[PDB]
Each structure stands twice: as structure tokens, then as C-alpha cells.
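Down below is the structure, laid out as C-alpha cells.
Residue numbers (this note's numbering): 99 to 286.
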């Protein structure tokens, strides 16, 4: 066939029930994640080709960057709760990987302040049980799917994107192949 298990995707031996329709995992420490976000705009291009009625989920992971890695997972919970993902995603990536000015939780906090979230608002979120359970969700979803690497995308708790099996000659062609694969798996 044109799409084949083990080629553009793999199938989970142990499917996950009730899983988000389109579930994406990343880390602000993850180099290809930086590319996916800033150069390729993967999430964006997938959304553009998803049918609708389909919701898209993106979670941060703990297994990169030790202590700061966990702080970043809590900060992404804060971002999700306040709905400011699209204001902090780029400066977090650049702060961690480009300028390397993010070295502590306080530095993560500065990124939100500069994006215009108020201190009071951020610290209240940070400390909220609503964020606590939001951190729990991120961990549970990753734990559910045997996650040892990012970037990662899972469709319908059953399929996992396999970007290694797509052409990289051309970044535009890579993205469309990637998005079309998500669409295909979506309709499966």
C-alpha cells in the first residue's frame, strides 16, 4: 500500500483507550522539537488538514533536562490553564536552546512576565491544584504510551507517527507528508 505500518507510522501493541484524538509530545530541551515548532510548524500544518470535530493536544515531558525539565512541564501546565501557549512557546524554546538564558524556574517565569502574563496571575496558576492535575495528565498520557522519545505524535491512542520513514530532501515536502499521514490515520 501507500501508507504502511512500520513505514510512515507504527502501531501500538497496546492501544490506549479514551486517548486524545491527536496527541503530541515535546520538550523545550528537544532539538527536533525546536525545528518542529519554529522551522516546520508541524502542529499548525496538521491542524490545517485535520477534518474537524477533531481536537489537538500537546504535552511537555519530564525525561529531558532533569530538574528544569520538570519545571518546564509545570510551566506548560500553567500555559495551558491560562491559554497562553502561543505566546510563550517561542521564547521558551529560544531561552532554552538559542540564547540559553533559561536556567531556573525564575527564568521561565520571566518569559511569561515579558509575554505580559501578570506575576500574581502566573504565581497563582503555578501553585494551583488545577495546574497540579494538569501536570498529572501530561505525565499519565506519556506514561500510557511508553514514551522514551520526543517529538512524538499519537493518533486515536493507536498509531504513532514515524518521521524517520519520510523524505527530508525538502522541508516543505516533509511537513505535508507528515500532515497527510496524520489525516490518513485520523480517517482510519
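Beta carbons: idealized from backbone N, C-alpha and C, even for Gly.
- By the criterion of a C-beta distance shorter than 7 angstroms, residue 208 is surrounded by no residue of its chain, once the five residues flanking it on both sides are discounted.
- Pairing residue 107 with residue 151, the inter-Cα distance amounts to about 23 angstroms.
- If you draw a straight line from the Cα of residue 210 to the Cα of residue 254, it comes to about 32 angstroms.
- The C-alpha of residue 125 lies about 22 angstroms from the C-alpha of residue 279.
- In this structure, residue 135 and residue 187 form a Cβ contact; the two beta carbons are roughly 6 angstroms apart against a cut-off of 8 angstroms.
- Take the alpha-carbon of residue 212 and the one of residue 99: they are about 50 angstroms apart.
- The beta carbon of residue 140 sits closer than 7 angstroms to those of 134, 273, 276, all from its chain and outside the five residues before and after it, given in chain order.
- If you look at residue 158, you'll find it in the beta strand (DSSP E) that goes 154-158.
- Apart from sequence neighbours up to five positions away, the residues of its chain that approach residue 282 with a beta-carbon distance below 7 angstroms are 101, ordered along the chain.
- Burial state of residue 261 is buried, judged by a 10 Å Cβ sphere holding 16 or more other Cβ atoms.
- The DSSP-derived three-state label of residue 236 is helix.
- Residue state for residue 111 is assigned as coil, using DSSP reduced to three classes.
- It is roughly 32 angstroms from the alpha-carbon of residue 252 to the alpha-carbon of residue 204.
- It is roughly 22 angstroms from the alpha-carbon of residue 162 to the alpha-carbon of residue 120.
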